Structure formats: C-alpha cells, structure tokens
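So the structure is just underneath, and the comments pick up after that.
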Amino acid sequence: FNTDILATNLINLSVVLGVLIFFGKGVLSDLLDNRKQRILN
Amino acid sequence: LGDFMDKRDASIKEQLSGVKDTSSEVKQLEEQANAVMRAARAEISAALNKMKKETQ
C-alpha cells in the first residue's frame, strides 16, 4: 500500500532494462524491418 | 494492434495478388491479341485462295 524507498532493489534492474531495450530495439527493428521489406517485395 | 497488423499484412498480400492478377490478365490480353491477328491474316488468305480457285 505505501511505497518503500531503497536504492538496492532497482539499480540492478535499470542496467538490465537499458541493455535489453537498446539491444532489443536493435535486433527487433532489424528483424521487423526486414520482414516488412520482404512483404513489400 | 492485432487487427492493425492483420490489416497491414493483408493489404500487402492483396497488393501482391493483384499485381500477380494483373500480370496474368496482361498475358491473357497479349495471347488473345496474337490469336486475333493470326485469324485476320489466315482468314483472308484462305478467302482469296477459295475465291482465287473459284475465279480460276
């Protein structure tokens, strides 16, 4: 119910979510874009 | 979003089919034109021959 503040729970999660969003938008846009190009073809 | 994905894919697939459809239609048009041209020529030739033979 109340929020619990501490800088231990999430610093590990920010690095992970950043790495996943960057390398995931890279390989995901590459794959998705490739599929779109094939459909256009 | 699922519907949007489907719509875009269908729109593209439909475009390909239509493009495939148009190509077949043009092939048929060309074949029909070729066949028709042949008829004209051949037809007239035959006519003259039969007519030429009758005159002779």
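Ordered as shown in the structure tokens, chains take letters A, B, and onward, while each chain numbers its residues from 1 and ligands are numbered from 1 in the order shown.
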
(message) Should the cut-off be 12 Å, what would the residue list for chain A against chain B look like, counting only C-alpha atoms, as a VMD selection string?
(response) chain A and resid 32 35 to 41

Serialized selection, N, CA and C atoms, as an mmCIF file, in the first residue's frame:
data_model
loop_
_atom_site.group_PDB
_atom_site.id
_atom_site.type_symbol
_atom_site.label_atom_id
_atom_site.label_comp_id
_atom_site.auth_asym_id
_atom_site.auth_seq_id
_atom_site.Cartn_x
_atom_site.Cartn_y
_atom_site.Cartn_z
ATOM 1 N N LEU A 32 12.135 -6.913 -37.638
ATOM 2 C CA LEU A 32 10.803 -6.479 -38.025
ATOM 3 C C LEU A 32 10.863 -5.726 -39.338
ATOM 4 N N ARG A 35 11.345 -8.067 -42.190
ATOM 5 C CA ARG A 35 10.085 -8.708 -42.540
ATOM 6 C C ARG A 35 9.204 -7.765 -43.351
ATOM 7 N N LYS A 36 9.174 -6.497 -42.960
ATOM 8 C CA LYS A 36 8.380 -5.517 -43.686
ATOM 9 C C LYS A 36 8.885 -5.370 -45.109
ATOM 10 N N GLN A 37 10.205 -5.348 -45.268
ATOM 11 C CA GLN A 37 10.793 -5.234 -46.591
ATOM 12 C C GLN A 37 10.410 -6.432 -47.437
ATOM 13 N N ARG A 38 10.440 -7.621 -46.851
ATOM 14 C CA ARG A 38 10.041 -8.806 -47.590
ATOM 15 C C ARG A 38 8.571 -8.746 -48.020
ATOM 16 N N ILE A 39 7.694 -8.264 -47.147
ATOM 17 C CA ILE A 39 6.288 -8.109 -47.533
ATOM 18 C C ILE A 39 6.118 -7.107 -48.674
ATOM 19 N N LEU A 40 6.887 -6.023 -48.620
ATOM 20 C CA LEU A 40 6.866 -5.036 -49.693
ATOM 21 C C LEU A 40 7.341 -5.641 -51.007
ATOM 22 N N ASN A 41 8.363 -6.479 -50.917
ATOM 23 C CA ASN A 41 8.897 -7.200 -52.054
ATOM 24 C C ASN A 41 7.842 -8.113 -52.652
#

(request) Go ahead and compute the interatomic distance for CA of residue 34 (chain A) and CA of residue 21 (chain A), in Å to one decimal. (result)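 Going from CA of residue 34 (chain A) over to CA of residue 21 (chain A), I get 18.9 Å.
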
(message) What parts of chain A does DSSP call helix (DSSP H, G or I)? I'd like the answer as a VMD selection string.
(response) chain A and resid 11 to 40

Could you save the residues just selected, with N, CA, C and O atoms, as a short mmCIF file (atom, residue, chain, number, x, y, z; two decimals), in the first residue's frame?
data_model
loop_
_atom_site.label_atom_id
_atom_site.label_comp_id
_atom_site.auth_asym_id
_atom_site.auth_seq_id
_atom_site.Cartn_x
_atom_site.Cartn_y
_atom_site.Cartn_z
N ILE A 11 18.56 -0.65 -9.06
CA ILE A 11 19.78 -0.26 -9.78
C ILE A 11 20.24 -1.44 -10.63
O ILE A 11 20.72 -1.28 -11.76
N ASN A 12 20.07 -2.64 -10.07
CA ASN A 12 20.29 -3.87 -10.83
C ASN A 12 19.29 -4.02 -11.97
O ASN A 12 19.55 -4.72 -12.95
N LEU A 13 18.12 -3.39 -11.84
CA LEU A 13 17.07 -3.58 -12.83
C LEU A 13 17.16 -2.55 -13.94
O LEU A 13 16.77 -2.81 -15.08
N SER A 14 17.71 -1.38 -13.62
CA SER A 14 17.83 -0.32 -14.62
C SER A 14 18.86 -0.67 -15.68
O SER A 14 18.63 -0.44 -16.87
N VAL A 15 19.99 -1.25 -15.27
CA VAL A 15 21.04 -1.64 -16.22
C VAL A 15 20.53 -2.72 -17.16
O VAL A 15 20.74 -2.67 -18.37
N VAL A 16 19.81 -3.70 -16.60
CA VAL A 16 19.22 -4.79 -17.35
C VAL A 16 18.17 -4.28 -18.33
O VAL A 16 18.18 -4.67 -19.51
N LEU A 17 17.28 -3.40 -17.88
CA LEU A 17 16.23 -2.91 -18.76
C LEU A 17 16.78 -1.99 -19.84
O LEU A 17 16.28 -1.97 -20.96
N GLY A 18 17.86 -1.26 -19.53
CA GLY A 18 18.52 -0.47 -20.55
C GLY A 18 19.22 -1.31 -21.61
O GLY A 18 19.07 -1.05 -22.80
N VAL A 19 19.97 -2.34 -21.17
CA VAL A 19 20.65 -3.24 -22.11
C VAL A 19 19.64 -3.96 -22.98
O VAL A 19 19.81 -4.08 -24.20
N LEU A 20 18.53 -4.39 -22.38
CA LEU A 20 17.54 -5.11 -23.14
C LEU A 20 16.80 -4.18 -24.09
O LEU A 20 16.56 -4.57 -25.23
N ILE A 21 16.49 -2.94 -23.68
CA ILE A 21 15.78 -2.05 -24.59
C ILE A 21 16.67 -1.62 -25.75
O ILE A 21 16.23 -1.62 -26.90
N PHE A 22 17.96 -1.36 -25.49
CA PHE A 22 18.86 -0.99 -26.58
C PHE A 22 19.11 -2.14 -27.55
O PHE A 22 18.86 -2.01 -28.75
N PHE A 23 19.59 -3.28 -27.04
CA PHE A 23 19.94 -4.35 -27.97
C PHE A 23 18.68 -5.01 -28.51
O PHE A 23 18.69 -5.57 -29.62
N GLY A 24 17.56 -4.86 -27.81
CA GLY A 24 16.30 -5.37 -28.29
C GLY A 24 15.68 -4.49 -29.36
O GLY A 24 15.11 -5.01 -30.31
N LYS A 25 15.80 -3.16 -29.24
CA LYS A 25 15.32 -2.31 -30.33
C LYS A 25 16.21 -2.48 -31.55
O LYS A 25 15.72 -2.45 -32.68
N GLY A 26 17.51 -2.73 -31.33
CA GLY A 26 18.39 -3.02 -32.45
C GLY A 26 17.99 -4.28 -33.20
O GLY A 26 17.62 -4.21 -34.38
N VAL A 27 17.99 -5.42 -32.52
CA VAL A 27 17.72 -6.67 -33.23
C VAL A 27 16.24 -6.78 -33.58
O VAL A 27 15.87 -7.41 -34.57
N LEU A 28 15.38 -6.06 -32.86
CA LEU A 28 13.95 -6.15 -33.12
C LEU A 28 13.58 -5.29 -34.32
O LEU A 28 12.82 -5.74 -35.18
N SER A 29 14.11 -4.07 -34.41
CA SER A 29 13.89 -3.27 -35.61
C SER A 29 14.54 -3.90 -36.82
O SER A 29 13.98 -3.84 -37.92
N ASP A 30 15.70 -4.51 -36.64
CA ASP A 30 16.32 -5.17 -37.78
C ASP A 30 15.46 -6.31 -38.29
O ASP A 30 15.20 -6.42 -39.50
N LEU A 31 14.97 -7.15 -37.39
CA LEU A 31 14.13 -8.27 -37.80
C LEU A 31 12.79 -7.81 -38.36
O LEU A 31 12.37 -8.24 -39.44
N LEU A 32 12.13 -6.91 -37.64
CA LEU A 32 10.80 -6.48 -38.03
C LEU A 32 10.86 -5.73 -39.34
O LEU A 32 10.04 -5.93 -40.23
N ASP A 33 11.87 -4.87 -39.45
CA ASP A 33 12.07 -4.10 -40.67
C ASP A 33 12.38 -5.01 -41.84
O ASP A 33 11.87 -4.80 -42.94
N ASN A 34 13.18 -6.04 -41.60
CA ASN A 34 13.47 -6.99 -42.67
C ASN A 34 12.19 -7.68 -43.14
O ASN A 34 11.97 -7.84 -44.34
N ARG A 35 11.35 -8.07 -42.19
CA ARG A 35 10.08 -8.71 -42.54
C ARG A 35 9.20 -7.77 -43.35
O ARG A 35 8.58 -8.17 -44.34
N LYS A 36 9.17 -6.50 -42.96
CA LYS A 36 8.38 -5.52 -43.69
C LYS A 36 8.89 -5.37 -45.11
O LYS A 36 8.10 -5.31 -46.06
N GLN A 37 10.20 -5.35 -45.27
CA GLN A 37 10.79 -5.23 -46.59
C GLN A 37 10.41 -6.43 -47.44
O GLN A 37 10.06 -6.28 -48.60
N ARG A 38 10.44 -7.62 -46.85
CA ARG A 38 10.04 -8.81 -47.59
C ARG A 38 8.57 -8.75 -48.02
O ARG A 38 8.24 -9.12 -49.15
N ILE A 39 7.69 -8.26 -47.15
CA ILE A 39 6.29 -8.11 -47.53
C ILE A 39 6.12 -7.11 -48.67
O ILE A 39 5.32 -7.31 -49.60
N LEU A 40 6.89 -6.02 -48.62
CA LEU A 40 6.87 -5.04 -49.69
C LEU A 40 7.34 -5.64 -51.01
O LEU A 40 6.80 -5.36 -52.07
#
